[PDB]
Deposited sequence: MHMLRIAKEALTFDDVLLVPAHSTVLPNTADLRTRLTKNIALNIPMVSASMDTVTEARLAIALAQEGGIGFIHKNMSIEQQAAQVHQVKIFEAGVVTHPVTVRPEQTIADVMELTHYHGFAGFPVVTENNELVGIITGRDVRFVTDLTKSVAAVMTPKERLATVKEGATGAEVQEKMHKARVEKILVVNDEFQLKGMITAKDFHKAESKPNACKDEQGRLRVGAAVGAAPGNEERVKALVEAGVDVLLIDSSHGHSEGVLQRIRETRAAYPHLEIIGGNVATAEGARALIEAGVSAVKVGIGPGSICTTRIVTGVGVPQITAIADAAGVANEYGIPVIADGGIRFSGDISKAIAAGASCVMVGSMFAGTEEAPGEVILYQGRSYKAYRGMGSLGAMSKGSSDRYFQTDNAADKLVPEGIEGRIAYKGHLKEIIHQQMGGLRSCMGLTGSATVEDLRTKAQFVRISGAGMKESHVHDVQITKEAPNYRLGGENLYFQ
């Protein structure tokens, strides 16, 4: 009579089972797939939220092996600039410089009559027209001569266009130019981040979100043109025709573009996304820390069941599932993977790190940052308006606005969390992320089983970095 499918389960209803293992935590292999064609070094992506991911965090995350997704709550050029920033990220030097009109006396004023390498010569703005060296000047007496009658001319310089160049240097100092022969710096013949997630040309990978409303074409175009590695079409309802249509159109317009579509929480929803053309299915309706959808609307599916149901279909097409929302501890990452996901998307876990947007706030002598639902009033009010234009029709939010404890640097957080994954892989005898994802077993536990799992019956005196 009551129309009810079986009991759906979330992270706290299950525990993974230990198994025979020849795997040590530090030998565990963390590599996995974000989409059919994009590899991750760690099974983490960052949420596309104005309180989690801008260029700063996207770069830091990619350096550690994951991919950040730039949020859409900014203008097109703003978003494209963010992507571009990530794509060109290098860490070049930017030397002291003179004019073709400046005199030798000007130069001697700078050098202080003791030897020097040289000064790149630049025009009114900002053309590079030569160089003057400690050997061009050592024996020039006439302090009145302009730098241009004694400089090494344009053609004797060794240069590169911005964007490894270390190949062309095989000469040991090279001047970076652009398309109008305009100086941008210098690089002088000299791996900090071996787990970096990078594209075929050794650039850091980045993603960016656009959402499903009509009229996104201009935004998509600019993001692809800025070299985005993966496009996320993010919606609170991936099973909506609107979303499927938007995915179809984007697939048809960029047949090689890796696209993530979601969110869904069912087999059917994962099926309709795959049919629309996604390269990856993003799963989660309502499990997010800052989410009130389940309460406001009554709709949702516990996240371990949502994952397994979406993966049941997505596996049949070779399509990876992304588990998005509700990850609170590193043991949830293990569980989301064993349920069928190839990686997890996280907000709160990364929010409040140094790298996330926003400044630190003090509240009762303790450190926090802003963290808010993308569907909260504040996140939505940066709507398209200016409130000058906007106003019986008030928005009904499905997210809250809050504060989250300051976490410090992203790198240490990732290391803490992946530690716990590695240890689970040793416990479950999973060599690779695939083995955890396809072979690990669960048991179902009661509320009393979950209390035994936590710390219990002792006073914690010190905070542990993973708990």
Wait, which stretches of the deposited chain are just not there in the structure?
1-2, 94-95, 168-171, 179-181, 202-206, 408-410, 487-496
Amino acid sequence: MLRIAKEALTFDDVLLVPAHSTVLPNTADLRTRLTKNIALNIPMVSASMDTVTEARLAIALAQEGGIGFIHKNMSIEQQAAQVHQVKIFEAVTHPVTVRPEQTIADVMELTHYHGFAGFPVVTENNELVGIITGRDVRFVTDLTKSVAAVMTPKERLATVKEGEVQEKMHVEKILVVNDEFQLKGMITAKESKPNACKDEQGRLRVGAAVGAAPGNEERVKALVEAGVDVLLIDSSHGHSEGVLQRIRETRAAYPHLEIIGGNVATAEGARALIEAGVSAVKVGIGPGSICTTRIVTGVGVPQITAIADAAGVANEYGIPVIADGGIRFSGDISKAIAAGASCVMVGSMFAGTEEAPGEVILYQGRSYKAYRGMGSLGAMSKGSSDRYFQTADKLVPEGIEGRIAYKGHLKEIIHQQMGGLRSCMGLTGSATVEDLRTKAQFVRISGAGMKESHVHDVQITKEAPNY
From here on, numbers count along this sequence of modelled residues.
Looking at the entry, does 61-69 or 394-402 show the higher mean C-alpha B-factor?
394-402
Mean C-alpha B factor from the entry: is it higher for 174-182 or for 303-311?
174-182
Quick one: which of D234, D142, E218, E354 has the biggest Cα B-factor according to the entry?
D142
Using the temperature factors in the entry, find which of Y317, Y368, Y254, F389 has the highest value at its Cα atom.
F389
Where does the C-alpha B-factor of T10 rank in its chain, lowest, middle or highest third?
lowest
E90 CA temperature factor, ranked by third within the chain
highest
Of the three thirds of its chain by CA temperature factor, lowest, middle or highest, which one includes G227?
middle
On the chain's distribution of Cα B-factors, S446 falls within the third called lowest
Temperature factor at the Cα of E268, chain-ranked in thirds, falls in the lowest
